[PDB]
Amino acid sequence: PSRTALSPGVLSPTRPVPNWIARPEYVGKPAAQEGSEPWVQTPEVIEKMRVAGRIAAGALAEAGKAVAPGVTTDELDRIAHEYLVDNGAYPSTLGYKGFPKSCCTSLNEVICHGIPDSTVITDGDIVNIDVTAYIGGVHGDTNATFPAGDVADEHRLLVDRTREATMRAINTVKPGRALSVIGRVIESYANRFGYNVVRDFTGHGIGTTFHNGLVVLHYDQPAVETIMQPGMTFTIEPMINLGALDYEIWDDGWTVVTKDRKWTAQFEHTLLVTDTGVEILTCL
């Protein structure tokens, strides 16, 4: 048997960032300056995003390595935070529209945007950790769902098939392809198992800004005319649900949970469209 429905715990004090680390503009402001930037990056921007992406990948791997029964989500945040700052990177979530931590930790029925807190991870949980680094004036964004101890077959297959859906979408990235093929591949794969792909949350262009206005749908909608072009950088980050798509937000205003409390899994990479195919920027 698995755990029952989560409730919110208490947050640790705000984690400090040394002053020599440049803040993204939106830290300390109610909203962010983003959503109207070019989608294709310059070679110099792409080189800085390789750095940001590899640091984020490091933070995710170190926090992921710690996922185990007994560990709290706040403990995962401390590991991510420290990895980012010791690498000279600002954690993009920290202060983003007031978000109070340095990564999102979303267990079980939490679709996304779980706030690291006193919540204790337990056997059979699935723990998504989503972390973004801001360094060299650019962002790199990545996430993965990690099993804690032995997970029930249905939840283990949900995680594995979500990771496979994500890799299948990434391997469709190639200049000239409609961006829509990503959602077509993800949803067709998910529907084999009777899963539902979340529609209200999407992937996004990313560059000097965290969400540059480019939207990447994870469901099938071929009316979108956008084509993948060399130099474009965006995320693929499908959330796939065992149950229905209906959701609710906690009183904290951030934590997004499935209304029927059935579990959900997500993976995410920041990608570059190259002249021949794709490069994953959030790689170790």
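Start at 1 with the first residue shown and count on from there.
S.K.: Looking at the entry, does 161 to 169 or 133 to 141 show the higher mean C-alpha B-factor?
M.R.: That would be 161 to 169.
S.K.: What stretch has the higher average Cα B-factor here, 82 to 90 or 145 to 153?
M.R.: Higher mean C-alpha B-factor in the PDB entry: 145 to 153.
S.K.: Which one of 127, 190, 179, 206 shows the biggest C-alpha B-factor in the PDB entry?
M.R.: Going by the entry's C-alpha B-factors, 190 comes out highest.
S.K.: Among the candidates 194, 114, 100, 183, give the one with the maximum CA B-factor reported in the record.
M.R.: Of the candidates given, the C-alpha B-factor peaks at 194.
S.K.: Split the chain's modelled residues into thirds by Cα B-factor; is residue 244 in the lowest, middle or highest one?
M.R.: It falls in the top third of the chain.
S.K.: Could you place residue 238 in the lowest, middle or highest third of its chain by Cα temperature factor, using the values in the record?
M.R.: Lowest third - that is where residue 238 ends up once the chain's C-alpha B-factors are sorted.
S.K.: Divide the modelled residues of the chain into thirds by Cα B-factor and specify which third, lowest, middle or highest, holds residue 23.
M.R.: Ranked within chain, residue 23 CA B lands in the middle tercile.
S.K.: Residue 67's Cα B-factor: lowest, middle or highest third of the chain?
M.R.: Ranked within chain, residue 67 CA B lands in the middle tercile.
S.K.: By the recorded C-alpha temperature factor, relative to the other modelled residues in its chain, which third is residue 278 in?
M.R.: According to the entry, residue 278 has a C-alpha B-factor in the chain's middle third.
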